[PDB]
Amino acid sequence: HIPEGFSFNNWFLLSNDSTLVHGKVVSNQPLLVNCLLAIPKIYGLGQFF
Amino acid sequence: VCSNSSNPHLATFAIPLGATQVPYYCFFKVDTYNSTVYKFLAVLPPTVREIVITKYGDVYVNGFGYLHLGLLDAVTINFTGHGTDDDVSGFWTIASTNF
Amino acid sequence: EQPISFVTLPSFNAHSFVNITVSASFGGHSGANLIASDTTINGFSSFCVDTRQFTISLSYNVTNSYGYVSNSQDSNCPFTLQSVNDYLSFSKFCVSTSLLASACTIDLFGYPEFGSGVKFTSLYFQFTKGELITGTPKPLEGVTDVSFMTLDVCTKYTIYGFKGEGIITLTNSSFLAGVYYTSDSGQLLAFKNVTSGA
Amino acid sequence: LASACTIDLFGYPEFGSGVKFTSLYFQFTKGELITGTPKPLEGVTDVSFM
Amino acid sequence: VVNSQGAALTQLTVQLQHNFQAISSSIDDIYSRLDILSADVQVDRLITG
Ligand SMILES: *[C@@H]1O[C@H](CO)[C@@H](O[C@@H]2O[C@H](CO)[C@@H](O[C@@H]3O[C@H](CO[C@H]4O[C@H](CO)[C@@H](O)[C@H](O)[C@@H]4O)[C@@H](O)[C@H](O[C@H]4O[C@H](CO)[C@@H](O)[C@H](O)[C@@H]4O)[C@@H]3O)[C@H](O)[C@H]2NC(C)=O)[C@H](O)[C@H]1NC(C)=O
Ligand SMILES: *[C@@H]1O[C@H](CO)[C@@H](O[C@@H]2O[C@H](CO)[C@@H](O[C@@H]3O[C@H](CO[C@H]4O[C@H](CO)[C@@H](O)[C@H](O)[C@@H]4O)[C@@H](O)[C@H](O[C@H]4O[C@H](CO)[C@@H](O)[C@H](O)[C@@H]4O)[C@@H]3O)[C@H](O)[C@H]2NC(C)=O)[C@H](O)[C@H]1NC(C)=O
Ligand SMILES: *[C@@H]1O[C@H](CO)[C@@H](O[C@@H]2O[C@H](CO)[C@@H](O[C@@H]3O[C@H](CO[C@H]4O[C@H](CO)[C@@H](O)[C@H](O)[C@@H]4O)[C@@H](O)[C@H](O[C@H]4O[C@H](CO)[C@@H](O)[C@H](O)[C@@H]4O)[C@@H]3O)[C@H](O)[C@H]2NC(C)=O)[C@H](O)[C@H]1NC(C)=O
Ligand SMILES: *[C@@H]1O[C@H](CO[C@@H]2O[C@@H](C)[C@@H](O)[C@@H](O)[C@@H]2O)[C@@H](O[C@@H]2O[C@H](CO)[C@@H](O[C@@H]3O[C@H](CO)[C@@H](O)[C@H](O[C@H]4O[C@H](CO)[C@@H](O)[C@H](O)[C@@H]4O)[C@@H]3O)[C@H](O)[C@H]2NC(C)=O)[C@H](O)[C@H]1NC(C)=O
Ligand SMILES: *[C@@H]1O[C@H](CO)[C@@H](O[C@@H]2O[C@H](CO)[C@@H](O[C@@H]3O[C@H](CO)[C@@H](O)[C@H](O)[C@@H]3O)[C@H](O)[C@H]2NC(C)=O)[C@H](O)[C@H]1NC(C)=O
Ligand SMILES: *[C@@H]1O[C@H](CO)[C@@H](O[C@@H]2O[C@H](CO)[C@@H](O)[C@H](O)[C@H]2NC(C)=O)[C@H](O)[C@H]1NC(C)=O
Ligand SMILES: *[C@@H]1O[C@H](CO)[C@@H](O)[C@H](O)[C@H]1NC(C)=O
Ligand SMILES: *[C@@H]1O[C@H](CO)[C@@H](O)[C@H](O)[C@H]1NC(C)=O
Ligand SMILES: *[C@@H]1O[C@H](CO)[C@@H](O)[C@H](O)[C@H]1NC(C)=O
């Protein structure tokens, strides 16, 4: 689970068309995380996923 | 492959590039074992923050889902990540998102 | 005299001409019956568009003793032969003379006034909704961005595949998400200028 | 055949064009006397098992 | 009771978006893309519903 206390400034809802200006909704979204990499160096060597 | 009005070969693909040099004109090269064609889709937006790619071929930019493709299996990433470039690295975080 | 406004995603002038040509004769076999009929899509049996802007063109080459052949079209797809030149937006577009999966059939009939009419051929369209393909009646010359509009007047607008009638105005709002905003009435009231953010 | 639906088979050899090999017609009626199993049952006197 | 009386108006807009066995819920969209006959039949269905 994602920890609480995040502004989520660089995050947006996954929408095919249009966007909800304000409100609430429940849907399946890509939120569960297995691993996180930050301040990276290795992808400059042709990293493969 | 994206270039700022510097297209030694993409200019042949798109003779009337238009606009000016400041905006970046991006292209998708359809490389395969039969042809190496270059396609133009859109011009670089001034600001890009979050980019999402799905396993089913759907790409999402700024929560739009600009393009959709077929089945995907792997990907390769390269830039100037020469150890000391992480300070001005263009990637903040990369994660394995799940539905 | 409603002004016309057309705005889509910013792109340069990438125009192509797709042509369907039909050639047949009627005055040789029986007058009311054909001899040979050939249909070519730019000299080929099938084609697929690639450029953002494309223009359809249909050409008739019919020979008969009477000299007059009535042309009729049987339509099953949501768009007709001439309606495609009305600022239509798509993602994938392919045309063929042979059967293809998930493709509707459009029929062309010729009546040489001899008493009997015949179907020349059948057309198959494989089309997907989207934005990367635009259908314009004529090419745009000396145009860097196809989008053009008029502000603060009543006008017939076609924005992002939705056509309506109204007055368009500029608002001093800032938003970093989406390209258009809709209400619970299906009306696309708010849209953003992607190049400028307005 | 009368009162028979059509099932189509398409082959795309990746050369750019795909073609339909043929069409299949099934004349079927609801009932009990015909059963479709993924595999045959060996050494079974009564197919019913639960 | 105040929320009960303030309700029962929002759903009136909802069924406008609903499509009654027609190509699209926008009458202007349908009228300018397909022949007048079937478009008239479909808009008759829409107005009746
Ligand atoms: C925007 O528009 C796009 C279309 O471009 C939509 O994308 C579709 O999203 C749905 C939802 O995920 C996709 O459906 C998925 O298909 C998977 C592939 O199916 C195979 O596997 C199933 C068995 O699960 C077989 O029966 C089938 O024959 C295929 O062989 C399914 O597997 C998915 O179901 C399961 O997924 C995982 C797999 O383990 C499970 O964890 C799940 O719980 C679930 O059981 C799922 O049904 C669909 O393929 C997408 N289409 C395309 C073209 O990409 C977007 O949904 C739409 N909306 C948004 C917000 O983007
Ligand atoms: C698919 O279909 C399109 C539409 O018909 C075809 O484009 C037309 O091509 C024909 C010739 O094949 C053009 O007819 C003549 O073309 C000459 C040279 O063409 C160039 O210049 C014209 C403008 O003059 C451009 O439109 C064209 O794209 C070329 O850049 C012209 O010199 C001729 O001009 C004469 O007629 C005009 C009109 O009467 C006069 O004003 C002139 O003074 C002169 O007398 C003539 O136009 C035709 O113009 C093309 N139309 C368009 C819209 O492009 C494609 O060729 C066809 N492609 C395939 C593969 O089938
Ligand atoms: C909001 O939506 C609108 C809808 O199109 C878009 O507006 C863009 O930004 C400006 C706003 O008008 C426009 O582009 C600019 O045009 C200027 C003037 O154009 C010509 O004007 C006369 C003819 O009347 C010519 O003689 C003159 O030479 C201009 O070419 C230009 O000054 C701008 O750059 C031009 O000059 C430089 C000088 O070096 C050249 O290098 C350039 O190639 C170019 O010729 C500029 O082109 C136009 O309306 C839109 N421009 C686009 C889409 O590129 C935008 O989508 C959005 N608004 C903004 C501000 O983004
Ligand atoms: C309208 O259509 C006619 C009919 O031509 C053809 O009709 C169908 C059978 C079908 O194949 C169509 O696709 C096709 O248009 C056009 O009239 C002639 O069209 C042919 C094209 O097939 C032109 O080229 C010819 O090609 C033949 C195959 O190689 C060749 O044998 C021909 O040579 C012979 O031509 C005549 C018979 O037409 C014969 O009398 C001669 O002695 C010679 O052997 C020829 O190279 C022709 O140039 C077209 N014109 C003539 C007069 O034949 C027509 O051009 C087209 N467009 C119009 C009317 O605007
Ligand atoms: C994300 O991108 C920004 C934008 O480039 C990065 O900011 C950059 O950070 C580096 C080092 O922190 C700056 O280099 C140093 O700047 C100071 C002045 O602050 C200067 O005195 C030094 O000599 C050295 O040049 C760089 O200037 C700065 N960029 C800008 C435009 O100011 C940021 O580091 C990136 N973050 C990650 C995690 O990569
Ligand atoms: C890909 O398909 C095309 C046509 O079926 C073929 O590619 C050609 O390959 C030869 C030899 O490598 C080149 O000289 C040609 O230039 C290629 N064609 C094109 C259009 O570029 C070949 O059959 C296939 N190539 C594979 C399977 O590797
Ligand atoms: C990644 O790109 C750099 C360009 O500077 C190149 O030197 C390097 O060989 C590339 N890595 C791979 C694995 O191709
Ligand atoms: C893009 O512009 C930069 C200047 O900021 C320049 O150094 C670079 O060479 C340009 N891109 C290409 C492909 O030339
Ligand atoms: C937006 O800015 C102010 C309020 O923020 C307002 O007075 C002004 O008239 C608006 N400008 C527009 C709508 O162009």
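Taken together, the values in this text are just the output of simple stated rules run on the coordinates, not laboratory data. Heads up, the Cβs are rebuilt from the backbone with ideal geometry, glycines too, and the neighbour counts pull from every protein chain shown.
Could you put C:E131, C:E1, D:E14 in order, starting from the residue whose Cβ has the fewest other Cβ atoms within 10 Å?
Lowest count first: C:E1, D:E14, C:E131.
Work out the length of the dipole vector of segment C:46-198 about its Cα centre, built from +1 on the beta-carbon of each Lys and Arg and -1 on the beta-carbon of each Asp and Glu, and round it to the nearest 20 debye.
Dipole size: approximately 180 debye.
What order do you get for D:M50, C:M149 when you list them from fewest to most C-beta neighbours inside 10 Å?
Exposure proxy ranking, most exposed first: D:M50, C:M149.
Local charge sum around C:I4 (other residues, Cβ-Cβ under 15 Å, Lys/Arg +1, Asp/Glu -1)?
Around C:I4, the surrounding residues sum to -1.
From Cα pairs below 8 angstrom and at least 6 apart in sequence, can you work out the relative contact order of segment C:120-195, rounded to a whole percent?
It comes to 15 percent, rounded to a whole number.
Please state the shape class of chain D: rounded when a/c is under 1.5, otherwise prolate if a/b exceeds b/c and oblate if not, all from the C-alpha gyration tensor.
oblate
Report, by chain and number, residues whose modeled amide H sits under 5 Å from the one on C:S16, excluding near sequence neighbours (fewer than 5 apart, same chain).
C:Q53, C:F54, C:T55
Do any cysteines of chain C lack a neighbour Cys whose Cβ is under 4.7 Å away, and which are they?
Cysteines lacking a close Cβ partner in chain C: C:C154.
Go ahead and run the numbers for FRET between B:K55 and E:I27, Cβ-Cβ distance against an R0 of 45 Å, rounding to 0.05.
Computed FRET efficiency for B:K55 and E:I27 comes out at 0.65.
Tell me the net charge near B:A14. Cut-off is 14 Å between Cβ atoms, B:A14 excluded, with +1 for each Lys or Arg and -1 for each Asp or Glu.
Spelling it out: positives minus negatives among the neighbours equals +2.
Quick one: Debye curve from the alpha-carbon atoms of chain A only, equal weights, vacuum; give me log10 I(q)/I(0) at q = 0.14 Å⁻¹ to two decimals.
-0.61
With +1 on the Cβ of every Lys and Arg and -1 on the Cβ of every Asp and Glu, and nothing else charged, how large is the dipole of the protein assembly as shown about its Cα centre, in debye rounded to the nearest 20?
I would put it at about 260 debye.
For a test of the definition: using alpha carbon positions, the gyration tensor, and the 1.5 limit on a/c, classify segment C:30-185 as rounded, prolate or oblate.
Here segment C:30-185 falls in the prolate category.
Can you list the HN-Hα couplings for segment A:36-49, worked out from phi with the Karplus curve (6.51, -1.76, 1.60; θ = phi - 60°), rounded to whole Hz and with x for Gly and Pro?
In residue order, the calculated couplings are 9, 10, 9, 6, x, 10, 7, 5, x, 10, x, 4, 10, 10 Hz.
Taking only C-alpha pairs under 8 Å that are 6+ residues apart, what is the relative contact order of chain B in percent?
15 percent
Give a residue-ordered list of calculated ³J(HN,Hα) values for segment B:86-95 (Karplus: 6.51 cos²θ - 1.76 cosθ + 1.60, θ = phi - 60°; whole Hz; x for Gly, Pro).
Computed from phi, the couplings for segment B:86-95 are 5, 5, 10, 5, x, 10, 7, 9, 10, 9 Hz.
Between B:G18, B:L44, B:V30, whose Cα lies farthest towards the positive end of the dipole of segment B:1-73 when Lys and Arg beta carbons carry +1 and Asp and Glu beta carbons carry -1, centred on the Cα centre?
Farthest towards the positive end: B:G18.
Once you sort the root eigenvalues of the Cα gyration tensor of the protein assembly as shown as a ≥ b ≥ c, which label holds: rounded (a/c under 1.5), prolate (a/b larger than b/c) or oblate (the other case)?
Because its axes are fairly even, with a/c under 1.5, the protein assembly as shown counts as rounded.
Provide the net charge surrounding C:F109, with neighbours chosen by a C-beta distance below 12 Å and charges set as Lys +1, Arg +1, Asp -1, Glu -1.
Charge balance in the 12 Å sphere: -1.
Based on the Cβ-Cβ distance of B:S89 and C:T195, what FRET efficiency does E = 1/(1 + (r/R0)^6) give at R0 = 41 Å, to the nearest 0.05?
So, using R0 = 41 Å, E works out to roughly 0.90.
What is the dipole size for chain B, taken about its Cα centre, with +1 at each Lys and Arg Cβ and -1 at each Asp and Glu Cβ, in debye to the nearest 20?
Dipole about the Cα centre, nearest 20: 340 debye.
Just to be sure I understand: of the beta bridges DSSP finds with both ends in the protein assembly as shown, what percent are antiparallel, rounded to 5?
Around 80 percent antiparallel, to the nearest 5.
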